[PDB]
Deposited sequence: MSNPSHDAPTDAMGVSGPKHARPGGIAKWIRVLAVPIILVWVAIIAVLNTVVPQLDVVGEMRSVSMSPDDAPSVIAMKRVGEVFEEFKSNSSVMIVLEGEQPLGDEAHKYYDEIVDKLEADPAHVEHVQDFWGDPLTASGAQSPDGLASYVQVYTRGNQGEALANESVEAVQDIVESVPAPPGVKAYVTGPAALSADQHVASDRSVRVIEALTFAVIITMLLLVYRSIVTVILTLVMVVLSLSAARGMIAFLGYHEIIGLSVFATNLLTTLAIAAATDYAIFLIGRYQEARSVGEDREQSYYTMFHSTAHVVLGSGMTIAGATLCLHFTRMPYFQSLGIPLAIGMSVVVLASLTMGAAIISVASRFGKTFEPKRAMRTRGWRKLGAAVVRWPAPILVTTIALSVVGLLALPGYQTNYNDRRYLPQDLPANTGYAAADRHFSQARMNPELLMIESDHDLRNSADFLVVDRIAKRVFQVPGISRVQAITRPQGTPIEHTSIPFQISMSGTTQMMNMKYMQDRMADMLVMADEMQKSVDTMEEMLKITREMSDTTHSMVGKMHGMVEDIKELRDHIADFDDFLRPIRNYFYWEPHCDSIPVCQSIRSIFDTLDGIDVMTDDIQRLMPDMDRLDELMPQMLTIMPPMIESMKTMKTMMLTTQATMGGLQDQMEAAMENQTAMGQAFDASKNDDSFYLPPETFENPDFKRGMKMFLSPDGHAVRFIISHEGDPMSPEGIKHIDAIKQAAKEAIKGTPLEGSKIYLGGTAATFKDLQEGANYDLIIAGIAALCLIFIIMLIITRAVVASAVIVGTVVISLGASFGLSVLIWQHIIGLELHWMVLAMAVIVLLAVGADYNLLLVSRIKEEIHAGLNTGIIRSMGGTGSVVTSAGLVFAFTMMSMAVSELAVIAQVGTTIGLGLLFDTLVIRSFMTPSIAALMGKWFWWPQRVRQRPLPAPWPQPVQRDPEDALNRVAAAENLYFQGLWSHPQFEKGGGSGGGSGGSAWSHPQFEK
């Protein structure tokens, strides 16, 4: 290791760069609110603006002149006794208070107040009544969360009568409640992650000073990442989401401590070999700074590949995670190296307290090298056997199950399900827009035909329109019925103010939150299109909005999203690996090992969550787990391959043996720390974040146990000379003459 270059500059300027990093962290944390706060007040929309459901709902609002945003909250009144006159007075007071605040409540569909449609809102047993409130701001946005909070405060403000409790639930309320749950659980998840890191680094290094300095580096890097991301979010320069905040905190802390483990372990190995403090630090830098920078490039690129996606919950993981991980890696490479440099001059802080465990790892590497084909076949089979979870894997999108049951939205859903069906609480808005005036008897009979056709669609339980104020009432409207004040009120409740469009409230028979409702949306659109056929108003628009349409858009987008993001992250990680190792075959080997490890991770995570936990795996879990696995597993394989490349000089097979012996403890410690920090997400109240963390933790446990330790070295041993193509490498070097006796 020549004492020069960037390592020299970091060593000589260690104190100035430590001070600069500390000052940057302080500025970022004192000029901008914390990450949790900014994530709360700069959350990103649940659904993309260009999605057909969002534009359909916006069109509904602007045509009916009621609302301008895609967010609805269900207010459910549940009484022990049947809802009588006192319940009506309480509900009317709630509606009046909601209408008194237009900053958060855009519109209220007073279905229950009108006696014409009152029985539509009431439950069949007559114990609960639901009312729709279109709030302000698109679902999942910070404005929508504020509107949901305002609605909840308004509901709690009005004194309820004896009995009859009012709950606020619904999709926007569900998103607000998921932010609330994340705010509740972020402290405990960070505490658990830090405790796990403290304990496991204490087991690894067995030095109190070393672990304190490692946590100093980790805390400073994580605070720098949180400060940078908060600075970006507070200035609206990037989007942000609850998933982004939680995943970024955990990824930042875990990757920062992984880089700390890499640098510290390499420095300790260099010290144990016999190199002095300066020489050991220079060897550590020249052998690990490049691999840490490449690890960070892979993580940042894999996360950034989620920016080229379409849904906001992944666009919010694209740029924020990319920049957060990039600043974590700069913090590691600069601040951690500087701290190692300054601590080297002080006492024996970073001197290893015990001989590093190589004999076992050297033995394992020898076993891998001598018999690479059997070991590779065994690990390939043991990692592909995970793919047995495909016949039975489910991707339930129901956020009800992934949130605490004590939250306001979950309690509202629970109260609704006690008197209504599960589908009623998430209705669907359907329209047809007639170019001419729609208040005609022929038009009304066409509307009745449309309602009947949508009702006849399988999986649809209730249709509500001007012709059917409730679920179920040669249909002709006499012209004197048009002048009925009750019928005029029903008109203004169900028709456009200019009389050119209708609205249909659709309640499914099954879960509207699952692929059944996803197919129901297309069936409803087809039924409406065939019903409007052969009518004087043929050619109208079939804008349909609501939960099931939104998740139909999200489901198709998520399939294409996972495919394209996986392909792009895979290709970009391979490009980074080719840049680092300058070996296309080695990079492809890293790609293959990580992909197979990901298959095993999928199998194990699906098995645990869907069979012993009992909770179906969330859809966004797949994307985040795939991205993080392709990042970190490739990072570990890259560290091993870089060590192998360094050790090639003494031989190819013995190079693998020496590399495995030298990096087994380091990679095992780093992988255990990362995996355990990710399984620390299991304590998070967001069961989707828990699923993401457990999936990634199990995957990286599998990686650092079998994949990087057997599959990658066995593949390297099998390929031999071709493992470093196109770089001209040799097999076992020229046989040296037997040395003279000493």
For this session: Could you please spell out the deposited residue ranges that have no C-alpha entry in the coordinates?
Result: 1-20, 494-689, 959-1008
